[PDB]
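Contents: one structure, followed by commentary.
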2 protein chains.
Amino acid sequence: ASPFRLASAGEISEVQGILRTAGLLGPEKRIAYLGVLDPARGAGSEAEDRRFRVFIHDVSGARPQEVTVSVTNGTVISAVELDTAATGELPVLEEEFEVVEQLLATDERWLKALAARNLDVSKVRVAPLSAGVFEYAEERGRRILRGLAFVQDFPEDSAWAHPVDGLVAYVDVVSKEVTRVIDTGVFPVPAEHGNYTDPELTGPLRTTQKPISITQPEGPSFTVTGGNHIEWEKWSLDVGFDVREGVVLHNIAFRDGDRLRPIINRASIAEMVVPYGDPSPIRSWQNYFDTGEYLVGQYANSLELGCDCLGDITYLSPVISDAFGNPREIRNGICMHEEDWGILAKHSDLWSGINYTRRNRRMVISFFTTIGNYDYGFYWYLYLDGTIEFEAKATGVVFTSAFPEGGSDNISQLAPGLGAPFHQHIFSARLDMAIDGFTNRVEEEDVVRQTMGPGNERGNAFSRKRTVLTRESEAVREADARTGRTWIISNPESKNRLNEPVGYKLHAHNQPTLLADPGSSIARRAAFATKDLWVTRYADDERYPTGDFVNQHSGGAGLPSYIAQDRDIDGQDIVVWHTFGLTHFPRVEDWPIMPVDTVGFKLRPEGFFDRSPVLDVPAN
Amino acid sequence: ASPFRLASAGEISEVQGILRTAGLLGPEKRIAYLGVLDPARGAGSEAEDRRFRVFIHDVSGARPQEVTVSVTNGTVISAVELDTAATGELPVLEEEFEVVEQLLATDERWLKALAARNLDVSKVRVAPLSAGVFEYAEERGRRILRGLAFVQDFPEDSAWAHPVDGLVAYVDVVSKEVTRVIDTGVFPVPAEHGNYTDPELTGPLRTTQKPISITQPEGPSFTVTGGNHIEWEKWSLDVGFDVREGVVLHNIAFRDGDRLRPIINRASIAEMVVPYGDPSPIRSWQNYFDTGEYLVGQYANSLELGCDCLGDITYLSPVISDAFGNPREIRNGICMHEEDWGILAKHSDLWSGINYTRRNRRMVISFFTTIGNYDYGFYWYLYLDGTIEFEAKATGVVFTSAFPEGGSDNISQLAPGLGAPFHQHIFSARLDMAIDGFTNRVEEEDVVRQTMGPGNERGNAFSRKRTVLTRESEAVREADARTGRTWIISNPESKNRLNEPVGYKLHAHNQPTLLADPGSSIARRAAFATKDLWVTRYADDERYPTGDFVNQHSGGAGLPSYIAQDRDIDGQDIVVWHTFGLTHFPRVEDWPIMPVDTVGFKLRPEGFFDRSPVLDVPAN
Ligand SMILES: O=CCc1ccccc1
Ligand SMILES: O=CCc1ccccc1
Ligand SMILES: [Cu+2]
Ligand SMILES: [Cu+2]
Ligand code: NA
Ligand code: NA
Ligand code: NA
Ligand code: NA
């Protein structure tokens, strides 16, 4: 009965039937995106209307369409033809992954390039890479993918160990034309394999690890109702899943005695981008938006008990649409479990003689996705003490190149002849805030140093200052680790027992933001990534920091266009967008498969409660 | 047989007998510090000489002494009388904690101050606080403690809830004189209690938490030999314990196939300081060095199975000396265990069809200490992939004051009338480095942004630069989070298979350093805390960043004096000193007992190995 329930297979089947009866899903059509729409503001009408948004691609070259459908009423609500040269191309389809390699295999220019390198075309894998927007006028309004080649010596071989450098091709996947083949010179193909399950590379496996058994003899402490509603240790929330964003958290709230207190209305990773910093023309165009161009949700892994998720695991299996509108279940795509998290609070008092120890724990909601060479784990954590944390875990195989004779300022060497270009992994968290309700504001908090002098005679004093962000034009903020800069989201109309506004403090990791030159194509298309924090006024259609159609969009969509409205954000329904990321100079230890590295952020209560919220935790 | 073995009760008893026979331990003497000395450089002689350093205090006013003793030979090696006005006072003795309150209870000025506030002297607890060095000429060369008062309504009451503001006293604990009583005015004593085990404050305890069982059916994967030698998943190290520093790690090394490769010779937290930022004369002198003035090791807690340490725990029980030279065991003072640590590496490959998942784990070595209101957990972590991490966990009860009518720029309000002054918790990690041996160097690594132009036509390139620190005068470094600044410790004479020097990269949290004015007393006494990174040339007597005798030392001892030697550190036996800390603006949620907050650092291999070091981890 909840409007935030997961999409069912039955809903997706009805969407397919509605689209087909309306004449919108003929044999040349493909569904490139399908997702449920959140309830509009003011859902207290109980009048549920389950609506779905669909992007429909046409493989014959007709204009694609954006369609909204009501499963509740069985009707098409709206259908709009898209001009893709204006508003952007549709996301990459899974079925286009193979098309690039197949089209190149019959192109005479591609074959001559492989012939010169004595490479058998049957052994050459071609990565299907998003194209961006650069200097090529013929690409405007065409659906382009770019290909980079890797050799597979045999079917189980890791192709990433054998990049074919000096060669790139561009393909129009709708007209099935190879537009350009660029060959800048022969590089030796690196010869060592990267097969991390080969005994000659691993050596004998360790026999020294003894098992760790994690069990819950009485079952977990959380309950799941209505398919995706979680209650755990005073937390309450709904776990959503969207094929673009992946796991989405709705209605995060905390039961403080009598009252269910909202904190966050919607939390998601709304974009991620991996820009490459190698100036070679073979790769200088390379920036993939895994979320906006490829859709990370559709590549979620099925997670195995004991391997991917350890302990007493409750799974969700979300349903998505395939390219023809058939429902497809992602079995065991989301793991949920609680974890011991060490000491929560501890004190032994010299005067009262009381010794006190309590243990912490956290609720984990996670999924893993794989897009080509890269794999990412997305983890949301809820802690007993009111802290909310996100963590991204990056692993997989690094993207490789040749390592040039005489070195490089922009590529790491991993093995003889084998390089890995410098790059970043940058995420955007979209936090639709609801601290004790929807009237919120953001303050920037800096440490203040004070000079020795009158009123500070011993030169020991220090303080803090808070600046309220009142309009969108002043709400684009940068980190400052040296001044301990954080941001507080508060509700000016809801006070704690000390008559102070209740709030939550955002703690960033303060990692570098986008390094590209501000005049670059990627700086225009990924403008969100150039600043640490943005605040906007809530609006239904402002969903992604990069706009709705990221693929081959020429730039400036999303957050820079939103904030130009310069709306009031001082005690209003607001959205925080936090940019955070890893800058990756690959190391030898990242090869041939990379140990996990992590980045994230957290929010801690700041006068939200009237005292510690974990006084009622028992003594184990 | 190992020279790095823990001190035994028998060794401490022999030290006591040697001191007493030499005439150095009469009834007026107290041992203020006693610890084993590490082997000098070049221990390949097998000629073990267990030597102990002792600080001896004299309660009658005679000059204290520093003594070195050989238990191996049963002799006093050296005994030096100390001029404490010159070189500093000895650490605070546990038996002086009560002396401040007792001396004040008979002082007519103190009693009149309590009388005006209608406080029964039998209910007033006085915190024994280190004095620092300020404007009071009569304190030079005297052993001074300062007292701040708190009311206990009954014996099990939390006195911290009832600070007596506006009142402070200074006491000479050797002459037993109250030198000054300062009363700046009557503040109401905050009335609410802070008793976190009182059912009227906690409410009914939660019944919702179900148990988490962590067991190892075949026992742990690590072995302990020789009392304190650990081998775990190719790591090898010795766990030491010192009454000043606490847990110390020696001889950290990694078994890389054939070779045992050193990484860190000695790792410790060599100082910590808590400076207060309240300019009131009642507290503006307040800065306690928990390590150097109080000795955190002697207040280590006995850790309870299931409460403090959960899982399959192996304990060490270190032995220390009491004030008379009797051995005293700290039962279960150190916990050691391994923990599951999520996903180590994962990849599902679209071209080979191979799905691969491995799990991570870490070895934990920890202890907890309590000094007055504050409690700290010190955690060292070793990971499968070669990462070394330190984490400090801060909890306990915040130090309180009155909250003034009309507010404060330097104090947080926690409850009606109850304040908590702003302060920092700043640590110094001393890392005696030995990356593949003792010829090491430090490089500072910054991200380099590049401008769009020739050779970077698309404006996407970025790079990195490394600066070698060659002499101590240029090795005092500051963080720069915006440029992704890290520091690499490498061995220029030991190369990986790519002919690059092997190294480890230090990742800091980039939190603010000391906020006090650079002309303050605390900036002079805690100079280490004003910069993020220092590198020195190794020397036997350069042990602490603040010098040997921190208590009432007038300033400039330790690191600023060491680096003035301007020694060569480019491919030499070097020591890295890393400053890191928390800046604490107390929140309501920190009261009446504070949930843990954390800070730390980590070191990751940087071309130390020839490829990923965890290819031989099996599949669970
Ligand atoms: O992550 C998206 C870029 C990509 C897609 C498919 C193969 C390799 C790389
Ligand atoms: O942490 C050292 C300062 C201190 C010592 C004893 C009681 C309260 C505070
Ligand atoms: Cu990377
Ligand atoms: Cu604190
Ligand atoms: Na356009
Ligand atoms: Na909002
Ligand atoms: Na002096
Ligand atoms: Na060294």
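Letters for chains follow the order of the structure tokens (A, B, ...), residue numbers begin at 1 for each chain, and ligand numbers begin at 1 in the order shown.
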Could you list, as a PDB file with N, CA, C and O atoms, in the first residue's frame, every residue within 8 Å of residue A:557, counting only C-alpha atoms and ignoring same-chain residues fewer than 4 positions away?
```pdb
ATOM      1  N   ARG A 525      30.484  19.806 -19.030  1.00  0.00           N
ATOM      2  CA  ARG A 525      29.483  18.747 -18.903  1.00  0.00           C
ATOM      3  C   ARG A 525      29.376  18.211 -17.485  1.00  0.00           C
ATOM      4  O   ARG A 525      28.327  17.684 -17.102  1.00  0.00           O
ATOM      5  N   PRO A 545      22.470  16.106 -11.343  1.00  0.00           N
ATOM      6  CA  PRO A 545      23.323  17.306 -11.373  1.00  0.00           C
ATOM      7  C   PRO A 545      23.808  17.647 -12.761  1.00  0.00           C
ATOM      8  O   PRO A 545      24.304  18.761 -12.982  1.00  0.00           O
ATOM      9  N   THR A 546      23.651  16.714 -13.693  1.00  0.00           N
ATOM     10  CA  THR A 546      24.087  16.805 -15.070  1.00  0.00           C
ATOM     11  C   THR A 546      22.939  16.898 -16.066  1.00  0.00           C
ATOM     12  O   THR A 546      23.191  16.855 -17.271  1.00  0.00           O
ATOM     13  N   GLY A 547      21.692  16.979 -15.604  1.00  0.00           N
ATOM     14  CA  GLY A 547      20.556  16.929 -16.512  1.00  0.00           C
ATOM     15  C   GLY A 547      20.081  15.509 -16.784  1.00  0.00           C
ATOM     16  O   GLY A 547      20.672  14.510 -16.348  1.00  0.00           O
ATOM     17  N   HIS A 553      25.695  15.333 -24.445  1.00  0.00           N
ATOM     18  CA  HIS A 553      25.149  16.662 -24.202  1.00  0.00           C
ATOM     19  C   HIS A 553      26.269  17.697 -24.206  1.00  0.00           C
ATOM     20  O   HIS A 553      27.333  17.485 -23.622  1.00  0.00           O
ATOM     21  N   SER A 561      22.457  25.421 -14.524  1.00  0.00           N
ATOM     22  CA  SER A 561      21.209  26.013 -14.997  1.00  0.00           C
ATOM     23  C   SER A 561      20.207  26.166 -13.859  1.00  0.00           C
ATOM     24  O   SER A 561      19.461  27.148 -13.814  1.00  0.00           O
TER      25      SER A 561
END
```
Exercise. Write out as a ChimeraX atom specification each polymer residue (protein, DNA or RNA) that has an atom no more than 6 Å from ligand 2, with only C-alpha atoms and all ligand atoms counted.
Key: /B:127-129,288,290,371-373
Quiz item: Which residues in stretch 127-193 of chain A does DSSP call helix (DSSP H, G or I)? List them as number ranges by chain.
Solution: A: 137-139, 159-161
Quiz item: How many Å separate atom CA of residue B:350 from atom CA of residue A:325?
Solution: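 Interatomic distance, atom CA of residue B:350 to atom CA of residue A:325: 23.2 Å.
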Self-check item: Among listed residues B:517, B:573, B:94, B:436, nearest chain A (using only C-alpha atoms)
Solution: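 Ranking B:517, B:573, B:94, B:436 by distance to chain A, first place goes to B:517.
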Please find the residues contacting ligand 8 at a distance of at most 6 Å between atoms, with only C-alpha atoms and all ligand atoms counted, and report them as a PDB file with N, CA, C and O atoms, in the first residue's frame.
```pdb
ATOM      1  N   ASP B 432      59.450   5.579  13.339  1.00  0.00           N
ATOM      2  CA  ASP B 432      60.856   5.331  13.047  1.00  0.00           C
ATOM      3  C   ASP B 432      60.871   4.391  11.851  1.00  0.00           C
ATOM      4  O   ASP B 432      60.612   3.194  11.984  1.00  0.00           O
ATOM      5  N   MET B 433      61.128   4.949  10.671  1.00  0.00           N
ATOM      6  CA  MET B 433      60.847   4.263   9.421  1.00  0.00           C
ATOM      7  C   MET B 433      61.979   3.311   9.069  1.00  0.00           C
ATOM      8  O   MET B 433      63.137   3.550   9.408  1.00  0.00           O
ATOM      9  N   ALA B 434      61.648   2.233   8.363  1.00  0.00           N
ATOM     10  CA  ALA B 434      62.674   1.297   7.902  1.00  0.00           C
ATOM     11  C   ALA B 434      62.189   0.587   6.639  1.00  0.00           C
ATOM     12  O   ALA B 434      62.134  -0.639   6.563  1.00  0.00           O
ATOM     13  N   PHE B 438      67.238   0.773   6.369  1.00  0.00           N
ATOM     14  CA  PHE B 438      67.282   2.057   7.062  1.00  0.00           C
ATOM     15  C   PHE B 438      67.607   3.247   6.167  1.00  0.00           C
ATOM     16  O   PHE B 438      67.476   4.387   6.624  1.00  0.00           O
ATOM     17  N   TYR B 538      67.427   9.984  12.755  1.00  0.00           N
ATOM     18  CA  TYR B 538      67.319   9.177  13.963  1.00  0.00           C
ATOM     19  C   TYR B 538      68.437   9.509  14.950  1.00  0.00           C
ATOM     20  O   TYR B 538      69.602   9.675  14.567  1.00  0.00           O
ATOM     21  N   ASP B 573      68.828   7.179   8.026  1.00  0.00           N
ATOM     22  CA  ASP B 573      68.000   6.591   9.076  1.00  0.00           C
ATOM     23  C   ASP B 573      67.111   7.699   9.641  1.00  0.00           C
ATOM     24  O   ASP B 573      67.580   8.553  10.401  1.00  0.00           O
ATOM     25  N   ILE B 574      65.824   7.707   9.271  1.00  0.00           N
ATOM     26  CA  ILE B 574      64.978   8.863   9.547  1.00  0.00           C
ATOM     27  C   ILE B 574      63.749   8.482  10.368  1.00  0.00           C
ATOM     28  O   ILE B 574      63.323   7.322  10.440  1.00  0.00           O
ATOM     29  N   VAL B 575      63.149   9.511  10.968  1.00  0.00           N
ATOM     30  CA  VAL B 575      61.953   9.376  11.789  1.00  0.00           C
ATOM     31  C   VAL B 575      60.916  10.381  11.295  1.00  0.00           C
ATOM     32  O   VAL B 575      61.221  11.568  11.145  1.00  0.00           O
TER      33      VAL B 575
END
```
Please provide the set of residues having any atom within 10 Å of residue A:305, restricted to only C-alpha atoms, with same-chain residues fewer than 3 positions apart removed, written as an mmCIF file with N, CA, C and O atoms, in the first residue's frame.
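This went into out-v4.cif:
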```
data_model
loop_
_atom_site.group_PDB
_atom_site.id
_atom_site.type_symbol
_atom_site.label_atom_id
_atom_site.label_comp_id
_atom_site.auth_asym_id
_atom_site.auth_seq_id
_atom_site.Cartn_x
_atom_site.Cartn_y
_atom_site.Cartn_z
ATOM 1 N N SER A 302 24.447 -9.976 -8.690
ATOM 2 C CA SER A 302 23.841 -10.869 -7.708
ATOM 3 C C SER A 302 24.875 -11.201 -6.640
ATOM 4 O O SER A 302 25.945 -11.731 -6.956
ATOM 5 N N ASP A 308 30.149 -12.139 -0.859
ATOM 6 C CA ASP A 308 29.913 -10.703 -0.973
ATOM 7 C C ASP A 308 29.340 -10.118 0.309
ATOM 8 O O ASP A 308 29.697 -9.003 0.697
ATOM 9 N N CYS A 309 28.421 -10.824 0.955
ATOM 10 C CA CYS A 309 27.799 -10.344 2.180
ATOM 11 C C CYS A 309 27.899 -11.449 3.221
ATOM 12 O O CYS A 309 27.488 -12.586 2.968
ATOM 13 N N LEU A 310 28.459 -11.115 4.378
ATOM 14 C CA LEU A 310 28.797 -12.085 5.412
ATOM 15 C C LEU A 310 27.999 -11.774 6.668
ATOM 16 O O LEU A 310 27.965 -10.624 7.109
ATOM 17 N N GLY A 311 27.369 -12.798 7.246
ATOM 18 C CA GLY A 311 26.554 -12.638 8.434
ATOM 19 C C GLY A 311 25.124 -13.090 8.175
ATOM 20 O O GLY A 311 24.874 -13.935 7.321
ATOM 21 N N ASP A 312 24.196 -12.499 8.924
ATOM 22 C CA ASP A 312 22.776 -12.824 8.774
ATOM 23 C C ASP A 312 22.176 -11.807 7.814
ATOM 24 O O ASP A 312 21.821 -10.695 8.212
ATOM 25 N N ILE A 313 22.039 -12.198 6.548
ATOM 26 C CA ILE A 313 21.761 -11.273 5.454
ATOM 27 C C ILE A 313 20.291 -11.367 5.067
ATOM 28 O O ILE A 313 19.754 -12.468 4.903
ATOM 29 N N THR A 314 19.644 -10.219 4.900
ATOM 30 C CA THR A 314 18.338 -10.149 4.256
ATOM 31 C C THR A 314 18.516 -9.500 2.893
ATOM 32 O O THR A 314 19.108 -8.419 2.785
ATOM 33 N N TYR A 315 18.023 -10.166 1.855
ATOM 34 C CA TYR A 315 18.196 -9.698 0.487
ATOM 35 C C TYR A 315 16.934 -9.021 -0.026
ATOM 36 O O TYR A 315 15.818 -9.394 0.336
ATOM 37 N N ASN A 332 19.020 -11.216 -5.487
ATOM 38 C CA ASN A 332 19.951 -10.895 -4.403
ATOM 39 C C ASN A 332 20.812 -9.684 -4.755
ATOM 40 O O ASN A 332 22.023 -9.657 -4.507
ATOM 41 N N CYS A 335 21.980 -6.305 -0.405
ATOM 42 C CA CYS A 335 22.194 -6.936 0.898
ATOM 43 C C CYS A 335 21.865 -5.958 2.010
ATOM 44 O O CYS A 335 22.225 -4.780 1.910
#
```
Quiz prompt | Surrounding residues as a ChimeraX atom specification, ligand 1, max 10 Å, only C-alpha atoms and all ligand atoms | solution = /A:92,94,97-98,125-130,147-148,160,273-274,286-291,293-296,370-375,397-399 /B:349-351
Exercise. Write out as a ChimeraX atom specification each polymer residue (protein, DNA or RNA) that has an atom no more than 7 Å from ligand 7, with only C-alpha atoms and all ligand atoms counted.
Key: /B:85-88,553-554
Exercise. Residues within 12 Å of ligand 3 should be enumerated using only C-alpha atoms and all ligand atoms and returned as a count of residues only.
Key: 41
